[PDB]
C-alpha cells in the first residue's frame, strides 16, 4: 500500500488522496451487537487468563529494580514510569509495600498520598488541602497573600523556602497515577507538582500514558521535576482507568 | 536558542507557510523497494506571496516530520533524528 | 473503593540502604556499607562546592544589577536571557524610600490590575516601614504629603516574552505620567529571554523613543562566557581527582546534551554528573578500592573480574612479546595528572593571555583524545606556548575499573530517553518485552495491542474501523480461541456464550474495541467526528 | 552492479541456491522465498530484496559465532560484494537498512528472532535490563568470560 512505512518518508507517503470509488464506507451497523455484561465478562476473562504467566514473570523481573528506584528517590530525582500497559499496580505495590516502610526504617510509616489522574474529578485545591492536612505548613501572612494571588502556589513557594533549611528526611510519599490524564494535565496542576518536586522532603513517583507527554514540560518544569525516566512495559489490562471512558 | 529549537522554529515556519500536499516533493530522498510514485510538486507558480498573510495551522507530527527532514545528520548508528524528550522540551520552551 | 476516588491518603504498616550486593551475590555487607559511605562523602563534597558556586553567581548577579540600577525619564535595564528568579534587593537611600514592584503576566490581565497591584504593593511597603488611600496613581502624586520622604520605584517585569505587549505598552505610557511630579524616580527592569529585536517590534515607536533616553543592556545567563559551568566541572574533577577517570565518550555526551539545553544547562550538567556517580557506586564492586584502606580483602572474584581487562591483556601481551594481587595494588598510588594539567591550562588561559571564553569541558575532551593543539589554534595567541601547554595522555592499566563511561546506553535511557520511539519499538516488536517461555495460545497469538499496532503501522492515514476490525479478525485463530475460552468450566455464562455460533465475532470485536480505546487513551488514534465513530485517523508514525 | 538493474525476473532455484551459500536451514530459505512471492508483482529491484533478506537472516542464524569472532561480520558482507558485482560496501549496508523495516513487524521474523535469540544482537536477559534502565546491566567495557578463557587457552598453547 506504501513504499515507506516509518520516518518522515512514511508519513508523507501514507498521506495520499483516496478516490471515492475506494471510499470504504463500511460502518459499525454491520457489527455483532454487545452490551456491558458480556463485554465485561469475556474481557475480564482475557485479562485474567491470556498471557498472565509471562506478565507475572516480567513483573517479578522488574521487582529487582526497586532498590535502584529507592536510591534515585533519596538523591532528589523524581520517578516517572512509562511504557505500554497500565502502571497502577506497579506504583501502588512499590510505594506502599516496599518504599514507605524501608524509608521509615532507614530514618529511625511514611504517609502515601495517591492521586488518580484517570479520574477527571481530581482538583489541585482539594489535593493541596489534603497536603496541608498532612504536612501542616505555616499559614500565609497578609503581606504574602499579595493582591488576589493563587494562595496554593504562594503557600508552596513559602514551603520551598521553609524546607530548604530542614533536615533532608522524606516526610511524604506522593504518587501520581496518570500524570497526563484529562483534568490533571493542566498547567496550574503541573506547576503545583513541579513546585512540590522542588521540596526534597517529598518523594515524587508518577506514571504516564500519552505518547506526547514530554510536550507537557518546558525547561523550568523539567528542571523542577528533575525526572529519571523508566520504561516499564507490561501490557496490563488498564481495568480501572477505563471506567471513566464508556467503551460502549 | 539551541540547534533543536532553531530547527523546530524553522520547521514551524515551513509548516505554517507551505501546503501539506507539497511536502512529499521537497523532503523525500529515500530509495524505494515497493513500487510507488513520488509527488510531482505544484503545477504552476502562484502569486500570493504567502509570507504577507497570517500563518496557517499545523499538527505536531507534521512538525516533527519536517524537523527530522531538515535536521543535520554502521548498522547501529541510526542516521535520522528521533523525537526524544529534549525535542519536546525545546518545543514546550 | 478508593481507586474510584480523586485523592486518598493511606498509612502503610510496618513490622536499611538501597545498595545491593555485587559480584553475583558474593560481596560482603561491609563492602556495601563502605561503598555507601564513599558515595556519600564524594556526593557531599561535590554538592557543597555546587552550593558555593550557586550562592556566588546569585550574589554577583545581585551586585551587577545594583551597580546598573544605581550607577525626567525611566531608568531602563534589559536583563537578557533572564529566567526571572533573581531576588533584587534595594539599598535604603536616606530620606527616600526605594520600593520594588514585581509583575508577572498572570498578574497583568489589563492595565488597571497592573496599577492596582503596584499601588497596593507601594502602600503596603510604605506603611510597613514608615487611614487608607485609593489604589491609584494619585498616591504617587501625594506620596511626599503622606509619608514625608520621596520615592524611588523599581519595576521588575517577570517573563516579558509571555506578557501581552499592548497591556505592557499602555502601562508604560501610564507610568510616564508620573514624570511631572518632582519627587518621583522610576526604574524599569525587563527580563528578556529571547532577544531585543522581538521586543522592539511589539512596542510602539513612541515607547521605544521614551525608553531610549536612559537604558542599559545586560546579557546575564548561564552560557555567558562559560565561567559558572567550568567551575562546576572543575569541582567535579577535584572531587574525583586521584580516584576516578572520565571517558571521552562521557565528556562528549555531556557536551552534546548540554548543547541541546540553553536556559537551564547548569543543573542539567549537575544532574548528569550526579547520575554518573550514582551509576558508578551502584555497579562496580571496585568502588571501595578508590581509597587505600579497603585493599585488604580482595577475593577470588575480584581477581577473576580484573583479569577480563583489555589494558591488562595488552600489558601482558607486551610482556610476553618482549620477555598478581600485589601488582594490582601497585596501580593505585599513581597520580593521573590530567586534571591538574587541565586546571593549569585554564589558569594560563585566564590570567596570562586574558582569555575567558573557553569551554573547559570541551578542553577536557580534546585533552582526553589528544587534540588540544587544534582547540588552541583558534585563538591565534598560543602559537609559541603550545609545546609547554601540551602533554601526552598517559595510559594506565586497570583504568576502566575506575571510570565514568558511556557505552551501555544507560545514561541516555534514564535521563534523555527516546520516549515515543521506545513506545513504538515496544508495541511493534513485543517479544523483546514479554518473555517467551493459555499454555498453547501464548505461542501462536499475539497480545492485542501489539497485534493491533502492526495493522496500525501498515495501514494508511485514514482507517475505516470495520475493515480494520476484519483485518484484526483474520489474524486470530478462532478454534484455539474457542478452545482456550472453554478451559474454565466454572463460569456458566462463558460456556453458554462460547457454544453460540457467533462467539468468535463477539470475542475478537470486544478485544479489538478495548485495544482501540487503549490506543485512543495513549493518543495513537483519533476520531474524525464527534457524533460518529466510523473512521479513525492516526497521529503517530514510527521512527520520527 | 546487481543493485542497480531494475525489473528483473527470477526463478526459485536461484533464490534457494543463493540461500545455501551462507548455510541457512530449509525453513528460513522457504520463508525468504515466500516473502519474495508475496511482494513479487509490486517490486522494483528484486536483487536488493533478496540480498537484504538473506543478510538479515544470516546475522540471526550466525549470531553466536559473531559473538565468538567479530571479523565474520566483515566476512559475510565481503562475500556479498564479491557476488553482487558491487565495488563499495555502503550500498549493501543501506540496502539491508532499507529492507529491515519491511519485515520487522511480521510473525515469522519475530519467531526467528525468538528461536535463535538475536533480539538485535543480545539475549532477552540482557535486553530486559537494558530497556528497564537497570544500571546493573553488563556494560561494553570488559571482555566476556568465554573470550578470556579462549585467550588464556591461546596463551597456554
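Arrange the following residues from fewest to most other Cβ atoms within 10 Å of their Cβ: C:316, D:96. Walk me through the intermediate numbers first.
Numbers: C:316 15, D:96 21.
Fewest to most other Cβ atoms nearby, the residues stand as C:316, D:96.
Where a ≥ b ≥ c are the square roots of the eigenvalues of the C-alpha gyration tensor, would you call the range A:51-248 rounded, which needs a/c under 1.5, or, failing that, prolate if a/b is larger than b/c, or oblate? It would help to have the intermediate numbers written out before the result.
Working: a/c = 2.02, a/b = 1.38, b/c = 1.47.
Judged from the Cα gyration tensor, the range A:51-248 comes out oblate (a/c at least 1.5, b/c at or above a/b).
Within 10 Å of each residue's Cβ, count the other Cβ atoms and sort C:454, C:212 from fewest upward. Provide the component values of the computation, followed by the final result.
Numbers: C:454 21, C:212 10.
Going from sparsest to densest Cβ surroundings: C:212, C:454.
In nm, give the distance between the simple-model label positions of residue C:352 and residue C:317, each being 7 Å from the Cα along the Cα-to-Cβ direction.
About 3.9 nm separates the two model spin labels.
Using DSSP, restrict attention to beta bridges with both residues in chain C and report what percent are antiparallel, rounded to the nearest 5.
Numbers: 6 of 34 bridges.
Antiparallel bridges: around 20 percent, rounded to the nearest 5.
Can you figure out the FRET efficiency of residue C:532 with residue D:97, using R₀ = 60 Å and their beta-carbon distance, to the nearest 0.05?
Numbers: r = 41 Å, r/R0 = 0.68.
Approximately 0.90, to the nearest 0.05.
What whole-number value in cubic angstrom gives the convex hull volume per residue for the C-alpha atoms of chain D?
Enclosed volume per residue, from the Cα hull, is 150 Å³.
Compactness ratio of the protein assembly as shown: Cα Rg over 2.2 N^0.38 Å, N = residue count?
Details: Rg = 32.5 Å, N = 1042, 2.2 N^0.38 = 30.8 Å.
Normalised Cα radius of gyration, the protein assembly as shown: 1.05.
Residue A:22 to residue D:71: FRET efficiency via 1/(1 + (r/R0)^6), r the Cβ-Cβ distance, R0 45 Å, to the nearest 0.05?
Numbers: r = 52 Å, r/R0 = 1.15.
Efficiency, rounded to the nearest 0.05: 0.30.
Taking every DSSP beta bridge that has both residues in the protein assembly as shown, what percent is antiparallel when rounded to the nearest 5? Walk me through the numbers on the way to the answer.
Details: 11 of 57 bridges.
Taking every DSSP beta bridge with both residues in the protein assembly as shown, the antiparallel ones total about 20 percent.
What shape does chain C have by the C-alpha gyration tensor, where a ≥ b ≥ c are the square roots of the eigenvalues, rounded means a/c under 1.5, and otherwise prolate means a/b greater than b/c and oblate the rest?
On the way: a/c = 2.31, a/b = 1.20, b/c = 1.92.
It comes out oblate by the Cα gyration axes.
Return the whole-Å distance between the Cα centroid of the range B:1-23 and the Cα centroid of the range A:1-46.
The two parts, judged by their Cα centres, are 30 Å apart.
Where the centroid of each part is defined by its Cα atoms, how far is the range A:177-248 from the range D:24-96 in Å?
For the range A:177-248 versus the range D:24-96, the Cα centre distance is 44 Å.
For chain C, what is the mean residue ellipticity at 222 nm derived from helices alone (per DSSP H run of n ≥ 4: -39500 (n - 2.57); sum divided by total residues; nearest 500 deg cm²/dmol)? List each step's numbers first, then the result.
Numbers: 24 runs with 263 residues, N = 544.
Theoretical 222 nm ellipticity from helices: -14500 deg cm²/dmol.
Expressed in nm to one decimal, what extension gain is obtained for the pair residue D:42 and residue D:26 from 0.36 nm per residue of sequence separation less their Cα-Cα distance?
Details: separation 16, 0.36 × 16 = 5.76 nm, distance 2.54 nm.
Result: 3.2 nm gained on full extension.
Any idea how far apart residue C:500 and residue A:183 come out in nm if each label point goes 7 Å out from Cα toward Cβ?
3.6
Only counting other Cβ atoms within 10 Å, I'd like B:82, C:21 sorted with the fewest neighbours first.
Values: B:82 19, C:21 13.
Ordered from fewest to most neighbouring Cβ atoms within 10 Å, B:82, C:21 come out as C:21, B:82.
Taking the Cα centre of each part, how many Å lie between the range A:107-140 and the range C:445-478?
Each part's Cα centre sits 42 Å from the other's.
For residue C:304 and residue C:40, what is the calculated FRET efficiency with R₀ set at 22 Å and r taken between the beta-carbons, to the nearest 0.05? Display every interim value, and only then the final one.
On the way: r = 29 Å, r/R0 = 1.31.
Efficiency at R0 = 22 Å is approximately 0.15.
Because the Cβ atoms are built from the backbone with ideal geometry, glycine has one as well, and the counts that use them run over all protein chains shown. Bear in mind these aren't lab numbers, they're just calculated from the coordinates by the rules spelled out.
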